[PDB]
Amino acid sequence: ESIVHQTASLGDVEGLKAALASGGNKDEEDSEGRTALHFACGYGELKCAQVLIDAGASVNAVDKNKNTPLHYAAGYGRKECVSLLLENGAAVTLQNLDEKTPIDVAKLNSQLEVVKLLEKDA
């Protein structure tokens, strides 16, 4: 029952803004430590991710497996969200509980293009 997570996950930009305006917490976490930004980026909802970043959502938030939003974007091959996170200081060296960085994750999931995109940045 988290409005901020649900609207972000479904790309509901207006619903998301409203929820945040109506008191909703942009850093709200679910039972696995995920934030609305982890979901927006993992699903490739660029505009919703921007809204959260503009509201001050932690770009390098970590879930209970130490995955950041960039690990989700990278792993599921959501290139635009990867760029958006990189432009906003997303730490490309942060490591998973499995010692994997977002790049490692992109590599394991065959996200060849995302890898070039994460490399290009550096």
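We number the residues from 1 along the sequence you see.
A.B. asks: Comparing recorded Cα B-factors across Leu70, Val62, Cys48, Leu97, which one is largest?
C.D. replies: Comparing C-alpha B-factors across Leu70, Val62, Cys48, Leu97, the top value belongs to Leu97.
A.B. asks: Please place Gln6 in the lowest, middle or highest third of its chain according to the CA B-factor in the PDB entry.
C.D. replies: CA B-factor rank for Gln6: middle third.
A.B. asks: Lowest, middle or highest third of the chain for the C-alpha temperature factor of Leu16?
C.D. replies: Tercile = lowest for this residue's CA B-factor.
A.B. asks: Which third, lowest, middle or highest, does the CA B-factor of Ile53 fall in along this chain?
C.D. replies: Tercile = middle for this residue's CA B-factor.
A.B. asks: Where does the C-alpha B-factor of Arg34 rank in its chain, lowest, middle or highest third?
C.D. replies: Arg34: CA B-factor falls in the middle third of its chain.
A.B. asks: Among the modelled residues of this chain, does the Cα B factor of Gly89 put it in the lowest, middle or highest third?
C.D. replies: It falls in the top third of the chain.
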